[PDB]
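J.:
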Amino acid sequence: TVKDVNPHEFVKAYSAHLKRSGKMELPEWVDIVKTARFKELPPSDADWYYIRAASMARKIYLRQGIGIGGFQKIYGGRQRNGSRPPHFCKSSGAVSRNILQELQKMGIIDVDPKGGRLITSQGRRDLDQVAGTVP
Amino acid sequence: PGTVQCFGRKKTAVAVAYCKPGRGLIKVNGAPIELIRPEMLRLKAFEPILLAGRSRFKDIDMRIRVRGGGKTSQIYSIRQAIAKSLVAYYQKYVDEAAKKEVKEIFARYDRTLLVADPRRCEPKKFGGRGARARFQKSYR
Amino acid sequence: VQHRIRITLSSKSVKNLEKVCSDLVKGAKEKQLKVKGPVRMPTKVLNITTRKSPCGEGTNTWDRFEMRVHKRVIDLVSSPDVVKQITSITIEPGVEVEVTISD
Amino acid sequence: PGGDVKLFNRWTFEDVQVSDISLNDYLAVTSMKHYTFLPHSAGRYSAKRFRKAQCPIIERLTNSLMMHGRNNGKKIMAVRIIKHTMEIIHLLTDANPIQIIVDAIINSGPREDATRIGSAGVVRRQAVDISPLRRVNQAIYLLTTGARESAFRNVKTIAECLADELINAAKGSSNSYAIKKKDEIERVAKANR
Amino acid sequence: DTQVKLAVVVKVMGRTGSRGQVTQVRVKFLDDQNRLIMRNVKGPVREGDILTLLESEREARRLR
Amino acid sequence: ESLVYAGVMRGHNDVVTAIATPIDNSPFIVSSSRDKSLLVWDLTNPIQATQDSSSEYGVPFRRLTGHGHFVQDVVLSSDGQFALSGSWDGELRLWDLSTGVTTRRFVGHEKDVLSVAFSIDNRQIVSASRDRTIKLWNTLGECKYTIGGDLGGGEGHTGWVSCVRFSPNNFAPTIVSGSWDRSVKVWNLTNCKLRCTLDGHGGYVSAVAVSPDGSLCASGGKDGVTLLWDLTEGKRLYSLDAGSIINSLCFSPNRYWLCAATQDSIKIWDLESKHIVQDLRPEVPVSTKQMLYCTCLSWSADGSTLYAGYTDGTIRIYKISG
Amino acid sequence: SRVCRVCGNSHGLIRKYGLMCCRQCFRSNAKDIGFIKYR
RNA sequence: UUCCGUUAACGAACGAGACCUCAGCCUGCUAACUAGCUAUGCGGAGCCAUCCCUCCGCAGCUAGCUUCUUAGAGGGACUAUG
Ligand SMILES: [Mg+2]
Ligand SMILES: [Mg+2]
Ligand SMILES: [Zn+2]
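Residue numbers (the deposited numbering), protein chains in the order written: chain ra, 18 to 152; chain la, 10 to 149; chain ma, 24 to 126; chain ka, 8 to 200; chain ua, 23 to 86; chain ha, 6 to 327; chain wa, 18 to 56.
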């Protein structure tokens, strides 16, 4: 299944799935937002939203009940403060919330009582289907 | 009846290998051992399997849960997990002489597939930022 | 008639705590009660590092002060009166006895 | 020579010939105890004198790559560097790159040096011999420093700079940093013989 | 011309130099296993090392 | 004719402290050591006359690891597989040699334990200890009696007990205990009282023996002088002289022989003639410091082979001629 | 607006764990409070 | 200034050492639903698809459970053996 495929080629395969599998909405700020306070430029690849989606539905598929203030820590990283020492900074909550809301508006994941987000039965199904098709 | 559950330890990382009598399966945290993913230190996790041979594992499944430490320390802990788990399996279920065999192949290559490193991170002492280093001294 | 009684003990000294902790367990072993204990919880070390000098001259030398606090738990099934009969023996100084009723 | 364990599962440790009997005991490639898949063994050397004569030469060379502070502790990068160096070396010489490395180490070791000793009452520098272990030590030092100094402020990758350094030192050609430094140390030593 | 000769440290004698960085050893010539002479070596050395000599004639003196 | 040499097996890292052999499941020898393991050897009886008479008498089969300290003495179940072992951790353990797992555990000896022994019905278990007490156990590993204490408490010794064995007569079960207080006692399983005190040696005792027919009571120990006694009522028949220290003692199962390990070689007397007729030396005479003693011995069920376990984890096997 | 409970001084105050003592009064009374110098 | 020994000194007191804390070993002991592992059940998802196989979820009068975690009692090293 998903743990038998390398997580790089799998995310490439899934992020190609959501592309040619129907569609989802895409905000009217996707081309301008940096995805993190500490980032320097927006994501280099124009097809990053889908990557960020395919990489992100694998998080809920291997875990259970992850909020947004946990995804911000997931995709946060090192922030360099110029002449002061660098520290750890969290990414932006707007993209994190929006991709989950879209996965809801496709039925891959759903919000969870007791808080958090959980993979759906059908969302589990297509992830293992696509996993079956990765070299 | 074959089942043993043997651990391996490094700086702070610990791995634990649970064994069943299955077919060939080796999985660390649910993923195939083929995919432990600092890949430069990938032949290190495979060191025991090529040291014994896949054939010596034709009738066991290994579920290895690893935790703590860092990437290299977890790889070395897993190494020790395969090695000591195989030694214990041949100890308790196969034979006392053919575990001596595998022990000698494992311990001629490297003595720390079976014995863990007692090395730990030395504490820090005031007057410098480090165990041994001190603040730079100025006279004038 | 049988509840779930949890008795929690805290101390700064290991031995004075463990004497009382064994005494309670054995006093509840004579009554053929279900004693699920003692459960040991991670020692809490309260640490304060302070400069030895009062005036800030010389080599800067520090002393690290520490209080170790130990947390034991004993589990019982009884009525609160039988346990109050048991937890009424002579208690060494420094030991906290804080019996409650779990859900 | 029944030894089927190979570096990175590619390079056979059989058929590596050390010509210098002088350092043959201080290069660890010839015996079966010294064959390895990988040059990253968390070995507890340095604990005793002459222990690191047992450390595999490929590991010693890799250990000498992680230098100048911004590279301290970065061993996985150095192992990847050595991997690519070796692929390039066999993609140039079509020969076993362990032999090329060992020939370069042998060829890049000075055999004389000049230091200030006190004779009969007065100090001044005389020439002295170099022990085999310090010969190997200095050989690796020179090759690695040469490669690192080539790679600085250059579009050439440190792997390729290292590969060129090792092939040139294995040839013995007086164009690598290692050979020129070896010969200059030995000339300063001869001058004060 | 000179030819590099090959010798074996048969016993190690001591540590000379101002700062003790040089050892004094007695070497034995492998082709002529009768010529044993004193030399100074820089770097760690034990009994049994093989020393390469650019010239053979130079012979050290006690506590040099 | 005499005893002869076949080979030596090496399966224990530290000094072998006991061997036990079965009567009904014959080719299964078990030996204990200071290594907390408890090895069991399998016997196809190979002598590989291909490599300078390649030295191995057999191939190790199974280690019963699990004791927390040196294993001092072991014995086997008289009817099946079970084994019982005592160790320095103050415990007794019952092992099952068909699976390699422990099955029972005798907790309660307040200090170190030095000797174990089974019984005829296997319901009567004895443990001797550095506690300075003996304790009897059932097959369930629970208590029924404990003989010991000082003079007021009872007749227990004052030094440590060092060895205990049964009397193999079925109408009079007893137990004989040798002690570091330089005293042997005989007890009874009927009342856990003492029949007699067999006041012998001048140094500490480390060995006691009971005849296979339960008639006479060989005991050895410190001085090098072995004393044979009367099982019926406590009478010193005669004295034998070995010279050095004594650790292990045994009787041949049917032939009238007494064997001893005496720190310079194994000395076999005769009881047909109270005089030595066989000395057994280690094969390899290397000039290292004082050579391996033999620390323990045992005969087979048929007396066809005697086993000696020494201080280097080496066990050398001795056959008979014809 | 935050003083030593023992001397009413304003500098080097230890508010950790609720002590509210200055770094010198805490040293003078550390053993009485129960703070042991182990290492 | 540790000891052997020598010896107009003999016998002692501090300091060093011993000692205490932490880290290192223990499939041995005591346990643990505020730590978990194992098996079994139900739930999902894959699939020669019906079971089996793999990966997760969940609940307990599952443990002849305490290896991993926690913290107590001890054991272990003494230069012991060459
Ligand atoms: Mg930085
Ligand atoms: Mg460059
Ligand atoms: Zn104050």
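All C-beta atoms in this analysis are idealised placements derived from N, C-alpha and C, irrespective of residue type, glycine included.
Measure the alpha-carbon distance for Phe52 (chain wa) versus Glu89 (chain ma) and round it to whole angstroms.
T.: Indexing the seventh sequence from 1 puts residue 52 (chain wa) at position 35. Indexing the third sequence from 1 puts residue 89 (chain ma) at position 66. Roughly 5 Å between the two C-alpha positions.
J.: Taking 8 Å as the line, does the beta carbon of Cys78 (chain ma) fall inside it for any heavy atom of ligand 3?
T.: In the third sequence, the residue the question calls residue 78 (chain ma) occupies position 55. For ligand 3, not one heavy atom lies less than 8 Å from the Cβ of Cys78 (chain ma).
J.: Just reading off the alpha helix (DSSP H) that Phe43 (chain wa) is part of, what are its end residues?
T.: The residue given as residue 43 (chain wa) occupies position 26 in the seventh sequence. Segment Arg40 to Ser45, the alpha helix (DSSP H) holding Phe43 (chain wa).
J.: Does any heavy atom of ligand 2 sit closer than 8 Å to the C-beta of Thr151 (chain ka)?
T.: Numbered from its first residue, the fourth sequence carries residue 151 (chain ka) at position 144. Checking the Cβ of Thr151 (chain ka) against ligand 2 gives no.
J.: Please confirm whether any heavy atom of ligand 3 lies closer than 8 Å to the CB of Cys62 (chain ka).
T.: By 1-based counting over the fourth sequence, the position of residue 62 (chain ka) is 55. Checking the Cβ of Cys62 (chain ka) against ligand 3 gives no.
J.: Does the beta-carbon of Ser103 (chain ha) have 16 or more other beta-carbons within 10 angstroms, so that it is buried, or is it exposed?
T.: Reading the sixth sequence from its first residue, position 98 is the one you call residue 103 (chain ha). Counting Cβ neighbours within 10 Å, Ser103 (chain ha) comes out exposed, since fewer than 16 surround it.
J.: Would you say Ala106 (chain la) lies against chain ha (beta-carbon separation less than 9 Å)?
T.: Residue numbering aside, residue 106 (chain la) sits at position 97 when the second sequence is read from its first letter. Chain ha, which has a Cβ nearer than 9 Å to the Cβ of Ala106 (chain la), makes this yes.
J.: Just how far apart, CA to CA, sit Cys264 (chain ha) and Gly225 (chain ha)?
T.: Within the sixth sequence, numbered from 1, the residue matching residue 264 (chain ha) stands at position 259. Within the sixth sequence, numbered from 1, the residue matching residue 225 (chain ha) stands at position 220. Between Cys264 (chain ha) and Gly225 (chain ha), the C-alpha separation is close to 11 Å.
J.: Is the CB-CB distance between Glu238 (chain ha) and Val13 (chain ha) below 9 Å?
T.: As a position in the sixth sequence, residue 238 (chain ha) is number 233, starting the count at 1. As a position in the sixth sequence, residue 13 (chain ha) is number 8, starting the count at 1. Taking 9 Å as the Cβ cut-off, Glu238 (chain ha) and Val13 (chain ha) do not qualify as a contacting pair.
J.: Exposed or buried, what is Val58 (chain ma) when buried is set at 16 or more other beta-carbons lying within 10 Å of its beta-carbon?
T.: For the purposes of this step, residue 58 (chain ma) is taken as residue 35 along the third sequence, with counting starting at 1. Classification of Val58 (chain ma): buried, given that the 10 Å Cβ count is 16 or more.
J.: What does the Cβ neighbour count give for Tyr150 (chain ha), buried or exposed, with the cut at 16 atoms within 10 Å?
T.: Your numbering for residue 150 (chain ha) matches position 145 in the sixth sequence. Exposed is the call here.
J.: Could you give the distance in angstroms between the alpha-carbon of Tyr102 (chain la) and the alpha-carbon of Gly11 (chain la)?
T.: Here residue 102 (chain la) corresponds to residue number 93 of the second sequence, with the count starting at 1. Here residue 11 (chain la) corresponds to residue number 2 of the second sequence, with the count starting at 1. The straight-line gap from Cα to Cα measures roughly 6 Å.
J.: What residue does the alpha helix (DSSP H) around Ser36 (chain ma) start on, and which one ends it?
T.: As a first step, residue 36 (chain ma) is located in the third sequence; it is residue number 13 there, counting from the start. First-last for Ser36 (chain ma): undefined, no H or E at that position.
J.: Run through the segment 65 to 139 of chain ra for me and flag every whole alpha helix (DSSP H) of 4 or more residues, listed as ranges in chain order.
T.: Taking only runs of at least 4 residues, the alpha helix (DSSP H) segments lying wholly in the segment 65 to 139 of chain ra are 65 to 78, 85 to 91 and 110 to 121.
J.: Report yes or no: is there a C-beta of chain ra within less than 9 Å of the C-beta of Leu50 (chain la)?
T.: For this step, residue 50 (chain la) is matched to residue 41 along the second sequence. Cβ-Cβ to chain ra under 9 Å: no for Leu50 (chain la).
J.: Where does residue 178 (chain la) sit, in a helix, a strand or coil, going by DSSP?
T.: Since the displayed chain la opens at 10 and closes at 149, residue 178 (chain la) lies outside it and no answer follows.
J.: Throw me the rounded Cβ distance for the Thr110 (chain ma) and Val120 (chain ma) pair, which I believe falls under 8 Å.
T.: Counting from 1 along the third sequence, the entry for residue 110 (chain ma) is found at position 87. Counting from 1 along the third sequence, the entry for residue 120 (chain ma) is found at position 97. With a Cβ gap of about 6 Å, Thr110 (chain ma) and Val120 (chain ma) count as contacting.
J.: Taking the beta carbon of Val25 (chain ka) as the centre, do at least 16 other beta carbons fall within 10 Å, making it buried, or is it exposed?
T.: Along the fourth sequence, one-based indexing puts residue 25 (chain ka) at 18. Result: buried.
J.: Assess contact between the segment 35 to 47 of chain ma and the segment 92 to 109 of chain ma, defined as three or more Cβ pairs (one per stretch) separated by less than 8 Å. Is contact present?
T.: Contact between the segment 35 to 47 of chain ma and the segment 92 to 109 of chain ma is present, because at least three Cβ pairs lie under 8 Å.
J.: Taking the C-alpha atoms as reference points, what is the distance between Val23 (chain wa) and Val92 (chain ma)?
T.: Reading the seventh sequence from its first residue, position 6 is the one you call residue 23 (chain wa). Reading the third sequence from its first residue, position 69 is the one you call residue 92 (chain ma). Using only the alpha carbons, I get a separation of about 25 Å.
J.: Give me the Cα-Cα distance between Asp94 (chain ha) and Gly314 (chain ha), rounded to the nearest whole angstrom.
T.: What you label residue 94 (chain ha) is simply residue 89 of the sixth sequence in a count that begins at 1. What you label residue 314 (chain ha) is simply residue 309 of the sixth sequence in a count that begins at 1. Rounded to the nearest angstrom, the two C-alpha atoms are 22 Å apart.
J.: Taking 9 Å as the CB-CB cut-off, is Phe159 (chain ka) touching chain ua?
T.: Working through the fourth sequence from its first residue, we reach residue 159 (chain ka) at position 152. By this cut-off, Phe159 (chain ka) is not an interface position.
J.: Could you run through the segment 57 to 81 of chain ua and flag, in chain order, every residue whose CB is less than 9 Å away from some CB of chain ka?
T.: Residues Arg61, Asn62, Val63, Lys64, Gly65, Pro66, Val67, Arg68, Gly70, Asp71, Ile72, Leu73, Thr74, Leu75, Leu76, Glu77 and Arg80.
J.: Specify the secondary structure class of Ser94 (chain la) as computed by DSSP and reduced to three states.
T.: Numbered from 1 along the second sequence, position 85 holds the residue referred to as residue 94 (chain la). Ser94 (chain la): helix per DSSP, three-state reduction.
J.: Helix, strand or coil, according to DSSP, for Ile35 (chain la) in the structure here?
T.: The residue given as residue 35 (chain la) occupies position 26 in the second sequence. The answer is strand: DSSP assigns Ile35 (chain la) an E or B state.
J.: Which term fits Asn70 (chain ma), buried or exposed, when burial requires 16 or more other beta carbons within 10 angstroms of its beta carbon?
T.: For the purposes of this step, residue 70 (chain ma) is identified with residue 47 of the third sequence, where counting begins at 1. It is exposed - the Cβ of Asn70 (chain ma) has fewer than 16 other Cβ atoms within 10 Å.
J.: With DSSP run on the structure shown, which of helix, strand or coil describes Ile271 (chain ha)?
T.: Working through the sixth sequence from its first residue, we reach residue 271 (chain ha) at position 266. If DSSP states are grouped into helix, strand and coil, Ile271 (chain ha) belongs with the strands.
J.: Touch check for the segment 147 to 164 of chain ka and the segment 180 to 187 of chain ka: three-plus C-beta pairs under 8 Å?
T.: Result yes; three or more Cβ-Cβ pairs closer than 8 Å.
J.: Got a sec: does ligand 1 put a non-hydrogen atom nearer than 8 Å to the Cβ of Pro57 (chain la)?
T.: Position 48 of the second sequence, counted from the first residue, corresponds to residue 57 (chain la). Checking the Cβ of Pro57 (chain la) against ligand 1 gives no.
J.: For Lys33 (chain ua), does the three-state DSSP call read helix, strand or coil?
T.: Residue 33 (chain ua) sits at position 11 when you count from the first residue of the fifth sequence. Of the three classes helix, strand and coil, the one that applies to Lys33 (chain ua) here is strand, per DSSP.
J.: Using only alpha-carbon positions, find the residue among ha:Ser134, ha:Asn143, ha:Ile180 and ha:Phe176 that is nearest to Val166 (chain ha).
T.: The residue given as residue 166 (chain ha) occupies position 161 in the sixth sequence. Per the Cα distances, ha:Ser134.
J.: Under 7 Å between beta-carbons, which chain wa residues line up against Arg74 (chain ma)? List them in chain order, please.
T.: By 1-based counting over the third sequence, the position of residue 74 (chain ma) is 51. Neighbours of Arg74 (chain ma) on chain wa, chain order: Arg40.
J.: Counting only beta-carbon atoms, is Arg68 (chain ha) nearer than 9 Å to chain la?
T.: Position 63 of the sixth sequence, counted from the start, is the residue given in the question as residue 68 (chain ha). Yes, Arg68 (chain ha) counts as interfacial toward chain la.
J.: I'd like to know whether the C-beta of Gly79 (chain la) is nearer than 9 Å to at least one C-beta of chain ra.
T.: In the second sequence, counting from the first residue as 1, residue 79 (chain la) sits at position 70. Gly79 (chain la) does not count as touching chain ra.
J.: Quick check: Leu122 (chain la) and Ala92 (chain la), are their CB atoms within less than 9 Å of each other?
T.: Counting from 1 along the second sequence, the entry for residue 122 (chain la) is found at position 113. Counting from 1 along the second sequence, the entry for residue 92 (chain la) is found at position 83. Yes, they are a contact pair.
J.: In whole angstroms, what separates the C-alpha of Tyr323 (chain ha) from that of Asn70 (chain ka)?
T.: In the sixth sequence, residue 323 (chain ha) corresponds to position 318, counting from 1. In the fourth sequence, residue 70 (chain ka) corresponds to position 63, counting from 1. Cα to Cα, the separation comes out at about 57 Å.
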